[PDB]
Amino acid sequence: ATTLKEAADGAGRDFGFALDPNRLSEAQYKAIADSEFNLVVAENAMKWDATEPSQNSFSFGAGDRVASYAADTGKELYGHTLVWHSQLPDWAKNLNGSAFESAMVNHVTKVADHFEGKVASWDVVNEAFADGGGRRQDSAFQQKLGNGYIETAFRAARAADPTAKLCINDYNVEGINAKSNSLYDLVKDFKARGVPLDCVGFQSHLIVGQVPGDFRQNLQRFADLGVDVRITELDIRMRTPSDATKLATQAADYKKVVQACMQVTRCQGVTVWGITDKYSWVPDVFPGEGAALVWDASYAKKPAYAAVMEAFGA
């Protein structure tokens, strides 16, 4: 293998990236997208704000651009995300009770129908749980609808799309902890009761030098519930600027994560949350942090590139 795509392809796994369709007009970004990945997810274009800016009025141009990109380049298309507390339009926040439930259901139905037969898997529900265990405490869905909204969303998604893989996705659930235990309890419950649910996403927004040592064990216990698992938003952030020590640790960290996936038969693969440090979400959220991706801000391969290649077994 001379690309990450080749390494993943050879391994029988997915290696994906989060796409901003506007950056496709930057030829270097498109060149790397085209050649280094076999899966794509929309970083932002398929979220609720991006798709339903006013009630029952849909804006699918950006999401369609991502889907068309996947079809044109022969990549698997991963759907993110139908139900998420963050960036919810004010019109939806202003609804309550049955009116809010119906807006959620309509959102799930219309977005899943629109992309049916293109999107292979959906993050149906994103970030439902709380660090330290139990349900998230600043969620419009949890607050307005209570515990049952997750099941409602999954059933609505399956009603719309009979065959898509339906995933629940979260962060800080990579190790075995109160948060991933709560997630585990739900997955086991849903499978026990025949609630549509096929996969679990582990975002893996990690800090350099801090990869959970029990990540493989955790992925395995989820797979053993009878669902597929996926590393969905991998990046590994450091204090900037980078230096040789930090880049080496980061490479070792990327290898640890990709190996944990390789070690679990039902781990579908690994998606990194962007291509280049140039565009990464990290610096805007965590001042003085960044350099979290596989390519730097000038599109030079970092040591993480070789590590990922090696981990896929190339």
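Numbers follow the displayed sequence, beginning with 1.
Stretch comparison (99 to 107 versus 239 to 247) by mean CA B-factor in the PDB entry places 239 to 247 on top. Checked against the record, the higher mean CA B factor of 81 to 89 and 119 to 127 lies with 81 to 89. Highest CA B-factor among the listed residues (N181, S204, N169, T152): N181.
Among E36, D284, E52, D64, the highest C-alpha B-factor recorded in the PDB entry belongs to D284.
In this PDB entry, the Cα temperature factor of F17 sits in the bottom third of its chain's modelled residues, the lowest group. Among all modelled residues in its chain, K30 ranks in the lowest third by Cα B-factor. Sort the modelled residues of the chain by CA B factor and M262 lands in the highest third. Sorting the modelled residues of the chain by their CA temperature factor places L293 in the lowest third. Among the modelled residues of its chain, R135 has a C-alpha B-factor that falls in the highest third according to the deposited record.
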